[PDB]
file upload_22.pdb (PDB, C-alpha atoms)
ATOM      1  CA  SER U   1     -22.623  -0.692 -50.500
ATOM      2  CA  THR U   2     -25.320   0.210 -53.009
ATOM      3  CA  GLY U   3     -26.233  -0.486 -56.609
ATOM      4  CA  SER U   4     -28.326   1.353 -59.185
ATOM      5  CA  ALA U   5     -29.324   0.036 -62.609
ATOM      6  CA  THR U   6     -31.648   1.279 -65.312
ATOM      7  CA  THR U   7     -34.496  -1.027 -66.306
ATOM      8  CA  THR U   8     -35.961  -0.721 -69.800
ATOM      9  CA  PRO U   9     -39.264  -1.944 -71.305
ATOM     10  CA  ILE U  10     -38.745  -4.747 -73.810
ATOM     11  CA  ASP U  11     -41.420  -3.437 -76.193
ATOM     12  CA  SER U  12     -43.924  -0.649 -76.792
ATOM     13  CA  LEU U  13     -46.461  -2.233 -74.400
ATOM     14  CA  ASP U  14     -44.208  -2.542 -71.338
ATOM     15  CA  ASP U  15     -44.736  -6.318 -71.462
ATOM     16  CA  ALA U  16     -41.654  -6.731 -69.263
ATOM     17  CA  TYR U  17     -38.509  -4.866 -68.263
ATOM     18  CA  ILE U  18     -34.856  -5.834 -68.710
ATOM     19  CA  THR U  19     -31.913  -4.748 -66.586
ATOM     20  CA  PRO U  20     -28.257  -5.341 -67.513
ATOM     21  CA  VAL U  21     -26.392  -7.724 -65.203
ATOM     22  CA  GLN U  22     -22.671  -8.517 -65.237
ATOM     23  CA  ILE U  23     -21.844 -12.206 -64.691
ATOM     24  CA  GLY U  24     -18.393 -13.748 -64.468
ATOM     25  CA  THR U  25     -14.815 -12.667 -65.059
ATOM     26  CA  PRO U  26     -14.326 -10.992 -67.488
ATOM     27  CA  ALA U  27     -17.880  -9.703 -67.229
ATOM     28  CA  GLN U  28     -20.546 -11.164 -69.497
ATOM     29  CA  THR U  29     -23.452  -8.723 -69.605
ATOM     30  CA  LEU U  30     -26.912 -10.275 -69.930
ATOM     31  CA  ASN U  31     -30.244  -8.454 -69.861
ATOM     32  CA  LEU U  32     -32.361 -10.053 -67.154
ATOM     33  CA  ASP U  33     -36.005  -9.765 -66.143
ATOM     34  CA  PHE U  34     -35.958  -8.783 -62.455
ATOM     35  CA  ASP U  35     -38.840 -10.737 -60.941
ATOM     36  CA  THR U  36     -40.053 -10.053 -57.397
ATOM     37  CA  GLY U  37     -42.422 -13.031 -57.868
ATOM     38  CA  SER U  38     -39.736 -15.735 -58.086
ATOM     39  CA  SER U  39     -36.418 -16.605 -56.514
ATOM     40  CA  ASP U  40     -34.136 -18.110 -59.193
ATOM     41  CA  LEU U  41     -31.429 -16.280 -61.125
ATOM     42  CA  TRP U  42     -31.289 -18.270 -64.356
ATOM     43  CA  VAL U  43     -29.742 -17.495 -67.727
ATOM     44  CA  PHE U  44     -29.608 -18.649 -71.289
ATOM     45  CA  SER U  45     -26.214 -20.262 -71.617
ATOM     46  CA  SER U  46     -23.741 -22.227 -73.683
ATOM     47  CA  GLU U  47     -25.571 -25.291 -72.288
ATOM     48  CA  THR U  48     -29.029 -24.310 -73.554
ATOM     49  CA  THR U  49     -30.364 -26.625 -76.273
ATOM     50  CA  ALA U  50     -29.342 -24.838 -79.458
ATOM     51  CA  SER U  51     -32.779 -25.029 -81.109
ATOM     52  CA  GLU U  52     -34.203 -23.196 -78.067
ATOM     53  CA  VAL U  53     -31.894 -20.170 -78.406
ATOM     54  CA  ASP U  54     -33.086 -17.497 -80.861
ATOM     55  CA  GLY U  55     -31.212 -14.223 -80.424
ATOM     56  CA  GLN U  56     -30.582 -14.184 -76.664
ATOM     57  CA  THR U  57     -27.178 -13.403 -75.235
ATOM     58  CA  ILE U  58     -25.778 -16.467 -73.498
ATOM     59  CA  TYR U  59     -23.609 -16.976 -70.433
ATOM     60  CA  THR U  60     -20.616 -19.226 -71.156
ATOM     61  CA  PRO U  61     -19.250 -20.409 -67.794
ATOM     62  CA  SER U  62     -16.134 -21.936 -69.384
ATOM     63  CA  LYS U  63     -15.051 -18.381 -70.322
ATOM     64  CA  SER U  64     -15.381 -17.105 -66.729
ATOM     65  CA  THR U  65     -12.354 -17.596 -64.510
ATOM     66  CA  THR U  66     -14.559 -17.223 -61.417
ATOM     67  CA  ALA U  67     -17.257 -19.736 -62.439
ATOM     68  CA  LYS U  68     -17.453 -23.005 -60.511
ATOM     69  CA  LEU U  69     -19.860 -25.866 -61.097
ATOM     70  CA  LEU U  70     -22.107 -26.365 -58.073
ATOM     71  CA  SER U  71     -21.708 -30.113 -58.121
ATOM     72  CA  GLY U  72     -24.919 -32.122 -58.281
ATOM     73  CA  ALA U  73     -27.205 -29.104 -58.223
ATOM     74  CA  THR U  74     -30.122 -28.871 -60.649
ATOM     75  CA  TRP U  75     -33.077 -26.537 -60.971
ATOM     76  CA  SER U  76     -36.474 -26.580 -62.634
ATOM     77  CA  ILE U  77     -39.101 -23.871 -62.503
ATOM     78  CA  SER U  78     -42.601 -23.319 -63.871
ATOM     79  CA  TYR U  79     -44.184 -19.876 -63.910
ATOM     80  CA  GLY U  80     -47.766 -18.683 -63.619
ATOM     81  CA  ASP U  81     -47.989 -18.129 -67.378
ATOM     82  CA  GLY U  82     -47.186 -21.785 -68.106
ATOM     83  CA  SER U  83     -43.582 -21.157 -69.152
ATOM     84  CA  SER U  84     -40.688 -23.115 -67.681
ATOM     85  CA  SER U  85     -36.960 -23.719 -67.728
ATOM     86  CA  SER U  86     -34.438 -26.047 -66.115
ATOM     87  CA  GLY U  87     -30.749 -26.873 -65.947
ATOM     88  CA  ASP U  88     -27.656 -27.046 -63.739
ATOM     89  CA  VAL U  89     -25.911 -24.507 -61.532
ATOM     90  CA  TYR U  90     -22.682 -22.553 -61.284
ATOM     91  CA  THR U  91     -21.535 -20.071 -58.701
ATOM     92  CA  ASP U  92     -19.981 -16.901 -60.084
ATOM     93  CA  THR U  93     -19.576 -13.201 -59.470
ATOM     94  CA  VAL U  94     -22.675 -11.174 -60.304
ATOM     95  CA  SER U  95     -22.901  -7.394 -60.341
ATOM     96  CA  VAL U  96     -25.947  -5.159 -60.739
ATOM     97  CA  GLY U  97     -25.467  -1.448 -61.175
ATOM     98  CA  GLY U  98     -22.128  -1.490 -59.360
ATOM     99  CA  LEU U  99     -23.167  -3.821 -56.506
ATOM    100  CA  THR U 100     -21.184  -7.081 -56.573
ATOM    101  CA  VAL U 101     -21.997 -10.470 -55.035
ATOM    102  CA  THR U 102     -19.404 -13.215 -55.126
ATOM    103  CA  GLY U 103     -20.500 -16.838 -55.056
ATOM    104  CA  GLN U 104     -23.973 -16.150 -56.440
ATOM    105  CA  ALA U 105     -25.850 -19.165 -57.762
ATOM    106  CA  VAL U 106     -26.214 -18.688 -61.518
ATOM    107  CA  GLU U 107     -28.667 -21.268 -62.820
ATOM    108  CA  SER U 108     -27.675 -22.275 -66.332
ATOM    109  CA  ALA U 109     -30.565 -23.308 -68.566
ATOM    110  CA  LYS U 110     -30.313 -26.574 -70.424
ATOM    111  CA  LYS U 111     -33.967 -26.316 -71.515
ATOM    112  CA  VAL U 112     -36.369 -23.395 -71.861
ATOM    113  CA  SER U 113     -39.992 -23.380 -72.977
ATOM    114  CA  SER U 114     -41.148 -21.809 -76.219
ATOM    115  CA  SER U 115     -42.173 -18.430 -74.793
ATOM    116  CA  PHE U 116     -38.624 -17.843 -73.556
ATOM    117  CA  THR U 117     -37.097 -18.864 -76.889
ATOM    118  CA  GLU U 118     -39.549 -16.599 -78.710
ATOM    119  CA  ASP U 119     -38.530 -13.539 -76.668
ATOM    120  CA  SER U 120     -35.091 -12.583 -77.918
ATOM    121  CA  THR U 121     -34.890  -9.576 -75.570
ATOM    122  CA  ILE U 122     -34.830 -11.505 -72.255
ATOM    123  CA  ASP U 123     -31.612 -13.395 -71.498
ATOM    124  CA  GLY U 124     -32.888 -14.827 -68.205
ATOM    125  CA  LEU U 125     -34.536 -13.929 -64.920
ATOM    126  CA  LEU U 126     -33.219 -12.503 -61.663
ATOM    127  CA  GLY U 127     -35.519 -13.515 -58.826
ATOM    128  CA  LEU U 128     -36.182 -11.116 -55.955
ATOM    129  CA  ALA U 129     -38.856 -12.961 -53.953
ATOM    130  CA  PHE U 130     -37.853 -14.818 -50.781
ATOM    131  CA  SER U 131     -35.161 -17.482 -51.034
ATOM    132  CA  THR U 132     -37.556 -20.127 -49.682
ATOM    133  CA  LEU U 133     -38.982 -20.309 -53.240
ATOM    134  CA  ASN U 134     -35.629 -21.035 -54.908
ATOM    135  CA  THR U 135     -35.844 -24.282 -56.897
ATOM    136  CA  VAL U 136     -32.224 -25.493 -56.713
ATOM    137  CA  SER U 137     -31.966 -29.082 -55.500
ATOM    138  CA  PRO U 138     -30.663 -30.660 -53.330
ATOM    139  CA  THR U 139     -29.315 -27.465 -51.710
ATOM    140  CA  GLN U 140     -31.581 -24.441 -52.039
ATOM    141  CA  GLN U 141     -29.767 -21.253 -53.039
ATOM    142  CA  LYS U 142     -30.126 -17.609 -52.045
ATOM    143  CA  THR U 143     -31.289 -14.746 -54.233
ATOM    144  CA  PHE U 144     -28.979 -11.939 -55.279
ATOM    145  CA  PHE U 145     -30.696  -9.628 -52.788
ATOM    146  CA  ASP U 146     -30.382 -12.143 -49.950
ATOM    147  CA  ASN U 147     -26.663 -12.552 -50.674
ATOM    148  CA  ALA U 148     -26.089  -8.777 -50.948
ATOM    149  CA  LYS U 149     -28.258  -7.742 -48.001
ATOM    150  CA  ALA U 150     -25.659  -7.736 -45.234
ATOM    151  CA  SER U 151     -23.322  -5.540 -47.306
ATOM    152  CA  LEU U 152     -25.966  -2.993 -48.285
ATOM    153  CA  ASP U 153     -26.162   0.386 -46.574
ATOM    154  CA  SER U 154     -29.819  -0.444 -45.839
ATOM    155  CA  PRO U 155     -31.436  -3.874 -46.412
ATOM    156  CA  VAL U 156     -33.787  -2.707 -49.158
ATOM    157  CA  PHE U 157     -34.250  -2.554 -52.880
ATOM    158  CA  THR U 158     -36.604  -0.283 -54.809
ATOM    159  CA  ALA U 159     -38.501  -0.671 -58.072
ATOM    160  CA  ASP U 160     -39.243   2.466 -60.090
ATOM    161  CA  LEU U 161     -40.704   1.141 -63.335
ATOM    162  CA  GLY U 162     -41.468   3.537 -66.165
ATOM    163  CA  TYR U 163     -44.570   3.853 -68.302
ATOM    164  CA  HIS U 164     -43.328   3.547 -71.877
ATOM    165  CA  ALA U 165     -39.971   4.738 -70.553
ATOM    166  CA  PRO U 166     -36.901   3.488 -68.666
ATOM    167  CA  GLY U 167     -36.859   3.303 -64.883
ATOM    168  CA  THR U 168     -34.555   2.178 -62.100
ATOM    169  CA  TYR U 169     -33.829  -0.643 -59.664
ATOM    170  CA  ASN U 170     -31.821   0.560 -56.668
ATOM    171  CA  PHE U 171     -30.211  -1.647 -54.029
ATOM    172  CA  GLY U 172     -29.312  -0.495 -50.536
ATOM    173  CA  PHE U 173     -30.783   3.027 -50.490
ATOM    174  CA  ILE U 174     -33.988   4.999 -51.037
ATOM    175  CA  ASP U 175     -33.651   7.823 -53.591
ATOM    176  CA  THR U 176     -35.745  10.535 -51.959
ATOM    177  CA  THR U 177     -35.769  12.492 -55.244
ATOM    178  CA  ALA U 178     -37.545   9.671 -57.087
ATOM    179  CA  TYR U 179     -41.024  10.025 -55.563
ATOM    180  CA  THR U 180     -43.486  12.667 -54.396
ATOM    181  CA  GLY U 181     -45.055  12.944 -50.973
ATOM    182  CA  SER U 182     -44.234  10.256 -48.427
ATOM    183  CA  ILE U 183     -43.778   6.500 -48.603
ATOM    184  CA  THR U 184     -46.541   4.481 -46.952
ATOM    185  CA  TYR U 185     -45.350   1.174 -45.549
ATOM    186  CA  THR U 186     -47.555  -1.880 -45.184
ATOM    187  CA  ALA U 187     -47.156  -5.330 -43.655
ATOM    188  CA  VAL U 188     -45.824  -8.302 -45.613
ATOM    189  CA  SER U 189     -46.459 -12.003 -45.145
ATOM    190  CA  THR U 190     -43.613 -14.239 -46.288
ATOM    191  CA  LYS U 191     -45.601 -17.445 -45.672
ATOM    192  CA  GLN U 192     -45.919 -18.171 -49.406
ATOM    193  CA  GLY U 193     -42.447 -16.847 -50.268
ATOM    194  CA  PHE U 194     -43.806 -13.693 -51.954
ATOM    195  CA  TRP U 195     -43.928  -9.985 -51.159
ATOM    196  CA  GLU U 196     -47.528 -10.516 -50.083
ATOM    197  CA  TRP U 197     -49.519  -7.634 -48.644
ATOM    198  CA  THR U 198     -53.112  -6.438 -48.211
ATOM    199  CA  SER U 199     -54.450  -3.469 -50.131
ATOM    200  CA  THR U 200     -57.113  -1.479 -48.313
ATOM    201  CA  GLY U 201     -59.440  -1.028 -51.294
ATOM    202  CA  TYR U 202     -59.982   0.532 -54.674
ATOM    203  CA  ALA U 203     -61.720   3.149 -56.768
ATOM    204  CA  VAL U 204     -62.630   3.266 -60.452
ATOM    205  CA  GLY U 205     -62.057   6.585 -62.178
ATOM    206  CA  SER U 206     -63.520   9.448 -60.175
ATOM    207  CA  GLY U 207     -65.751   7.050 -58.232
ATOM    208  CA  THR U 208     -65.895   6.653 -54.491
ATOM    209  CA  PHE U 209     -63.282   4.530 -52.775
ATOM    210  CA  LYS U 210     -64.449   1.072 -51.697
ATOM    211  CA  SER U 211     -62.821  -0.062 -48.458
ATOM    212  CA  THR U 212     -62.100  -3.776 -48.771
ATOM    213  CA  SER U 213     -59.083  -5.946 -48.026
ATOM    214  CA  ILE U 214     -57.344  -7.334 -51.134
ATOM    215  CA  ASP U 215     -54.485  -9.729 -50.380
ATOM    216  CA  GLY U 216     -51.982  -9.987 -53.199
ATOM    217  CA  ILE U 217     -48.353 -10.001 -54.242
ATOM    218  CA  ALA U 218     -46.065  -7.272 -55.542
ATOM    219  CA  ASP U 219     -44.722  -8.987 -58.677
ATOM    220  CA  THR U 220     -42.480  -7.124 -61.113
ATOM    221  CA  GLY U 221     -42.357 -10.260 -63.269
ATOM    222  CA  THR U 222     -46.085 -10.190 -64.097
ATOM    223  CA  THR U 223     -47.216  -7.667 -66.711
ATOM    224  CA  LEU U 224     -50.812  -7.053 -65.651
ATOM    225  CA  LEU U 225     -52.911  -6.357 -62.555
ATOM    226  CA  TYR U 226     -54.914  -9.446 -61.504
ATOM    227  CA  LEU U 227     -57.693  -8.769 -58.990
ATOM    228  CA  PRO U 228     -60.885 -10.437 -57.748
ATOM    229  CA  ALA U 229     -63.644 -10.850 -60.320
ATOM    230  CA  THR U 230     -65.942  -8.447 -58.449
ATOM    231  CA  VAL U 231     -63.354  -5.634 -58.619
ATOM    232  CA  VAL U 232     -62.475  -6.283 -62.256
ATOM    233  CA  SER U 233     -66.152  -6.354 -63.278
ATOM    234  CA  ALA U 234     -66.689  -3.017 -61.531
ATOM    235  CA  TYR U 235     -63.758  -1.526 -63.466
ATOM    236  CA  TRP U 236     -64.730  -2.754 -66.946
ATOM    237  CA  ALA U 237     -68.390  -1.864 -66.458
ATOM    238  CA  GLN U 238     -67.241   1.759 -66.757
ATOM    239  CA  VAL U 239     -65.881   1.183 -70.290
ATOM    240  CA  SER U 240     -68.478   1.160 -73.084
ATOM    241  CA  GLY U 241     -68.230  -2.061 -75.062
ATOM    242  CA  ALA U 242     -65.822  -3.850 -72.740
ATOM    243  CA  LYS U 243     -66.457  -7.538 -72.216
ATOM    244  CA  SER U 244     -64.785 -10.675 -70.959
ATOM    245  CA  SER U 245     -63.832 -12.882 -73.908
ATOM    246  CA  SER U 246     -63.239 -16.576 -73.239
ATOM    247  CA  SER U 247     -61.694 -16.969 -76.693
ATOM    248  CA  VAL U 248     -59.182 -14.160 -76.150
ATOM    249  CA  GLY U 249     -58.598 -15.027 -72.493
ATOM    250  CA  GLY U 250     -59.749 -11.956 -70.593
ATOM    251  CA  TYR U 251     -61.385  -8.573 -70.756
ATOM    252  CA  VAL U 252     -61.147  -6.742 -74.067
ATOM    253  CA  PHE U 253     -62.372  -3.272 -74.910
ATOM    254  CA  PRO U 254     -62.772  -1.073 -77.983
ATOM    255  CA  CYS U 255     -59.433   0.406 -78.946
ATOM    256  CA  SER U 256     -61.304   3.712 -79.468
ATOM    257  CA  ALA U 257     -62.085   3.942 -75.728
ATOM    258  CA  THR U 258     -60.557   6.325 -73.215
ATOM    259  CA  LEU U 259     -59.997   4.202 -70.105
ATOM    260  CA  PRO U 260     -60.705   5.381 -66.548
ATOM    261  CA  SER U 261     -57.999   5.343 -63.933
ATOM    262  CA  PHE U 262     -57.839   2.717 -61.204
ATOM    263  CA  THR U 263     -56.881   3.571 -57.629
ATOM    264  CA  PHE U 264     -55.646   1.071 -55.055
ATOM    265  CA  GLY U 265     -55.214   1.646 -51.323
ATOM    266  CA  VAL U 266     -52.010   1.287 -49.336
ATOM    267  CA  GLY U 267     -53.079   1.858 -45.762
ATOM    268  CA  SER U 268     -54.694   5.275 -45.769
ATOM    269  CA  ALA U 269     -52.749   6.261 -48.902
ATOM    270  CA  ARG U 270     -53.828   5.907 -52.533
ATOM    271  CA  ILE U 271     -51.938   4.999 -55.708
ATOM    272  CA  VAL U 272     -53.605   6.078 -58.952
ATOM    273  CA  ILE U 273     -53.011   4.032 -62.104
ATOM    274  CA  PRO U 274     -53.791   6.289 -65.097
ATOM    275  CA  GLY U 275     -56.215   4.842 -67.606
ATOM    276  CA  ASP U 276     -53.589   4.753 -70.355
ATOM    277  CA  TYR U 277     -51.523   2.299 -68.281
ATOM    278  CA  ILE U 278     -54.399  -0.208 -68.605
ATOM    279  CA  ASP U 279     -54.340  -0.289 -72.432
ATOM    280  CA  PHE U 280     -52.377  -3.279 -73.774
ATOM    281  CA  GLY U 281     -53.241  -2.620 -77.384
ATOM    282  CA  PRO U 282     -54.806  -4.694 -80.134
ATOM    283  CA  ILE U 283     -55.395  -8.371 -79.368
ATOM    284  CA  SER U 284     -53.837  -9.157 -82.757
ATOM    285  CA  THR U 285     -52.124  -6.883 -85.228
ATOM    286  CA  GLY U 286     -54.594  -4.443 -86.753
ATOM    287  CA  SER U 287     -57.540  -5.415 -84.564
ATOM    288  CA  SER U 288     -59.794  -2.760 -83.055
ATOM    289  CA  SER U 289     -60.308  -4.944 -79.971
ATOM    290  CA  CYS U 290     -57.763  -4.061 -77.310
ATOM    291  CA  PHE U 291     -56.571  -6.153 -74.379
ATOM    292  CA  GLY U 292     -57.208  -4.917 -70.849
ATOM    293  CA  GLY U 293     -54.483  -4.376 -68.267
ATOM    294  CA  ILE U 294     -56.729  -5.312 -65.347
ATOM    295  CA  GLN U 295     -57.827  -8.943 -65.390
ATOM    296  CA  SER U 296     -59.510 -11.398 -63.065
ATOM    297  CA  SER U 297     -57.400 -13.475 -60.675
ATOM    298  CA  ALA U 298     -60.224 -15.987 -60.225
ATOM    299  CA  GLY U 299     -58.314 -18.735 -62.058
ATOM    300  CA  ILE U 300     -54.917 -18.036 -60.448
ATOM    301  CA  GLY U 301     -55.497 -18.479 -56.725
ATOM    302  CA  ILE U 302     -53.784 -15.203 -55.789
ATOM    303  CA  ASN U 303     -54.150 -11.529 -56.629
ATOM    304  CA  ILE U 304     -51.141 -10.055 -58.435
ATOM    305  CA  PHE U 305     -50.036  -6.430 -58.321
ATOM    306  CA  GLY U 306     -47.991  -6.680 -61.498
ATOM    307  CA  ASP U 307     -46.270  -4.033 -63.570
ATOM    308  CA  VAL U 308     -49.516  -2.181 -64.419
ATOM    309  CA  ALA U 309     -49.884  -1.343 -60.724
ATOM    310  CA  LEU U 310     -46.250  -1.128 -59.678
ATOM    311  CA  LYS U 311     -45.209   1.274 -62.433
ATOM    312  CA  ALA U 312     -47.644   3.844 -61.025
ATOM    313  CA  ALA U 313     -45.583   3.940 -57.812
ATOM    314  CA  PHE U 314     -42.144   4.082 -56.304
ATOM    315  CA  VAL U 315     -41.991   0.738 -54.493
ATOM    316  CA  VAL U 316     -39.727  -0.172 -51.560
ATOM    317  CA  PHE U 317     -39.008  -3.846 -50.927
ATOM    318  CA  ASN U 318     -37.824  -3.671 -47.320
ATOM    319  CA  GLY U 319     -35.856  -6.785 -46.384
ATOM    320  CA  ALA U 320     -35.373  -5.898 -42.734
ATOM    321  CA  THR U 321     -35.776  -8.698 -40.193
ATOM    322  CA  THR U 322     -39.524  -8.136 -40.469
ATOM    323  CA  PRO U 323     -40.007  -7.321 -44.167
ATOM    324  CA  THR U 324     -42.446  -4.647 -45.295
ATOM    325  CA  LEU U 325     -43.462  -2.940 -48.540
ATOM    326  CA  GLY U 326     -43.541   0.795 -49.162
ATOM    327  CA  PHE U 327     -45.453   2.677 -51.853
ATOM    328  CA  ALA U 328     -45.164   6.320 -52.887
ATOM    329  CA  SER U 329     -46.669   8.275 -55.727
ATOM    330  CA  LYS U 330     -44.209   9.687 -58.244
TER     331      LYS U 330
END
call {"tool": "encode", "arguments": {"input": "upload_22.pdb", "output": "structure tokens"}}
result
Amino acid sequence: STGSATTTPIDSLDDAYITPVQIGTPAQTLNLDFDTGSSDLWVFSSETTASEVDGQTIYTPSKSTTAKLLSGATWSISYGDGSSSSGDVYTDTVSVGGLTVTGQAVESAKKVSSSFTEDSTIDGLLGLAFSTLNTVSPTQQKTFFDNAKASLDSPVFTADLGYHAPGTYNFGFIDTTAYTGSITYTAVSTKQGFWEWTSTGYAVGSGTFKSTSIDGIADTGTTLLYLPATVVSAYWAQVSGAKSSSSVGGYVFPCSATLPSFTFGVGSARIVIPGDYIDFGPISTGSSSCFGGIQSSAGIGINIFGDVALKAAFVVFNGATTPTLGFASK
């Protein structure tokens, strides 16, 4: 089997991407944030505290003839941005772009933190990291991809995120029309539960490539590119007036600037992030200070190849017995 679903930016900045997902019988379609950095499929629901729902579409398990309470199971997750959610668990039928999994754990939120409530466009998350990170207790549950894998034509999914435009998540096949050149594959460590790999270096604009190993994660659920302070300083030093602002929380730059591109290495191959992809717009409405799309990871503990990086490539998440990642230009 295969599936194919369009993923759409939630706003004019590409802050995140939503993909329609069918849950239950009859189908209830929710728009979920596919997140290769986490491993829980959770949704706003009829159980979510009413004051914490503000425009999201909810899953109502009592209206699904295929929903079953997973007795005793609870979940609770906290994300790198400080947001969080928690609740109980049902199993139900879940379909993405025509690919159906029966018995998928659907984690129903009883509580969500303010940032989730405040984002009316995201009805929940669909985790695509390794199932070892799933938070369901006392019996850990499998991701949608893990459950679908054996049925797929090939044990892979691909992320093709758009810049200010829709893109595609495919399951079970590699669309050879969706990228240019060849796909370069690179080793993955699953030891932390992430799609963790080592970039071979970087360049800023038309500058020379610096060969250096940068370990980080391919994370569709993180907006920006978080890299070591040395790399980020080298990037922003090429932008007149850019500075790191403690009050704003990262590098800012004059909105009048034209940003240089940023290149990262995948083996001997190179992915070029155009400068425009690094502009996240005014720090507050009407400001002429703009927020940078490349930021330091120094306070995180891990480098994160988020959407800024991934949307410059066609990315293969290869879930073969030994997982690997593939990157192509597009």
call {"tool": "closest_residue", "arguments": {"input": "upload_22.pdb", "among": "U:138, U:250, U:97, U:228", "to": "residue 72 in chain U", "atoms": "only C-alpha atoms"}}
result
U:138
call {"tool": "resolve_selection", "arguments": {"input": "upload_22.pdb", "expression": "the PyMOL selection byres ((chain U and resi 140-153) around 9)", "output": "VMD selection string"}}
result
chain U and resid 1 to 3 39 to 41 73 94 99 to 105 126 to 139 154 to 157 171 to 173 319
call {"tool": "resolve_selection", "arguments": {"input": "upload_22.pdb", "expression": "the PyMOL selection byres ((chain U and resi 270-280) around 6)", "output": "ChimeraX atom specification"}}
result
/U:259-266,269,281,291-293,312
call {"tool": "atom_distance", "arguments": {"input": "upload_22.pdb", "atom1": "CA of residue 108 in chain U", "atom2": "CA of residue 25 in chain U"}}
result
16.1 Å
call {"tool": "resolve_selection", "arguments": {"input": "upload_22.pdb", "expression": "the PyMOL selection byres ((chain U and resi 166) around 12)", "output": "PDB file with C-alpha atoms, keeping the file's coordinate frame"}}
result
ATOM      1  CA  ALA U   5     -29.324   0.036 -62.609  1.00  0.00           C
ATOM      2  CA  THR U   6     -31.648   1.279 -65.312  1.00  0.00           C
ATOM      3  CA  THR U   7     -34.496  -1.027 -66.306  1.00  0.00           C
ATOM      4  CA  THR U   8     -35.961  -0.721 -69.800  1.00  0.00           C
ATOM      5  CA  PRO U   9     -39.264  -1.944 -71.305  1.00  0.00           C
ATOM      6  CA  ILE U  10     -38.745  -4.747 -73.810  1.00  0.00           C
ATOM      7  CA  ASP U  11     -41.420  -3.437 -76.193  1.00  0.00           C
ATOM      8  CA  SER U  12     -43.924  -0.649 -76.792  1.00  0.00           C
ATOM      9  CA  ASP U  14     -44.208  -2.542 -71.338  1.00  0.00           C
ATOM     10  CA  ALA U  16     -41.654  -6.731 -69.263  1.00  0.00           C
ATOM     11  CA  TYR U  17     -38.509  -4.866 -68.263  1.00  0.00           C
ATOM     12  CA  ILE U  18     -34.856  -5.834 -68.710  1.00  0.00           C
ATOM     13  CA  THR U  19     -31.913  -4.748 -66.586  1.00  0.00           C
ATOM     14  CA  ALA U 159     -38.501  -0.671 -58.072  1.00  0.00           C
ATOM     15  CA  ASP U 160     -39.243   2.466 -60.090  1.00  0.00           C
ATOM     16  CA  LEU U 161     -40.704   1.141 -63.335  1.00  0.00           C
ATOM     17  CA  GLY U 162     -41.468   3.537 -66.165  1.00  0.00           C
ATOM     18  CA  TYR U 163     -44.570   3.853 -68.302  1.00  0.00           C
ATOM     19  CA  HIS U 164     -43.328   3.547 -71.877  1.00  0.00           C
ATOM     20  CA  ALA U 165     -39.971   4.738 -70.553  1.00  0.00           C
ATOM     21  CA  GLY U 167     -36.859   3.303 -64.883  1.00  0.00           C
ATOM     22  CA  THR U 168     -34.555   2.178 -62.100  1.00  0.00           C
ATOM     23  CA  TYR U 169     -33.829  -0.643 -59.664  1.00  0.00           C
ATOM     24  CA  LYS U 311     -45.209   1.274 -62.433  1.00  0.00           C
TER      25      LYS U 311
END
call {"tool": "axis_aligned_box", "arguments": {"input": "upload_22.pdb", "around": "range 40-46 of chain U", "padding_each_side": "8 Å", "output": "AutoDock Vina command-line options"}}
result
--center_x -28.9 --center_y -19.3 --center_z -66.4 --size_x 26.4 --size_y 21.9 --size_z 30.5
call {"tool": "residues_around", "arguments": {"input": "upload_22.pdb", "residues": "residue 257 in chain U", "least_positions_apart": "3", "cutoff": "9 Å", "atoms": "all atoms listed in the file", "output": "JSON, numbers by chain"}}
result
{"U": [239, 240, 241, 253, 254]}
call {"tool": "atom_distance", "arguments": {"input": "upload_22.pdb", "atom1": "CA of residue 116 in chain U", "atom2": "CA of residue 51 in chain U"}}
result
12.0 Å
call {"tool": "atom_distance", "arguments": {"input": "upload_22.pdb", "atom1": "CA of residue 244 in chain U", "atom2": "CA of residue 198 in chain U"}}
result
25.9 Å
call {"tool": "closest_residue", "arguments": {"input": "upload_22.pdb", "among": "U:20, U:107, U:75, U:176", "to": "residue 60 in chain U", "atoms": "only C-alpha atoms"}}
result
U:107
call {"tool": "build_atoms", "arguments": {"input": "upload_22.pdb", "residues": "range 217-221 of chain U", "atoms": "N, CA, C and O atoms", "output": "compact mmCIF listing (two decimals), keeping the file's coordinate frame"}}
result
# COMPACT_ATOMS: atom_id res chain seq x y z
N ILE U 217 -49.81 -10.03 -54.23
CA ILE U 217 -48.35 -10.00 -54.24
C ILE U 217 -47.86 -8.87 -55.13
O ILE U 217 -48.45 -8.58 -56.19
N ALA U 218 -46.76 -8.26 -54.73
CA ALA U 218 -46.06 -7.27 -55.54
C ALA U 218 -45.10 -8.04 -56.44
O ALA U 218 -44.10 -8.58 -55.95
N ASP U 219 -45.40 -8.08 -57.74
CA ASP U 219 -44.72 -8.99 -58.68
C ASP U 219 -44.27 -8.26 -59.94
O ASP U 219 -45.05 -8.08 -60.88
N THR U 220 -43.00 -7.83 -59.96
CA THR U 220 -42.48 -7.12 -61.11
C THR U 220 -42.39 -8.01 -62.35
O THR U 220 -42.24 -7.48 -63.46
N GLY U 221 -42.43 -9.32 -62.17
CA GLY U 221 -42.36 -10.26 -63.27
C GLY U 221 -43.67 -10.59 -63.93
O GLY U 221 -43.68 -11.41 -64.86
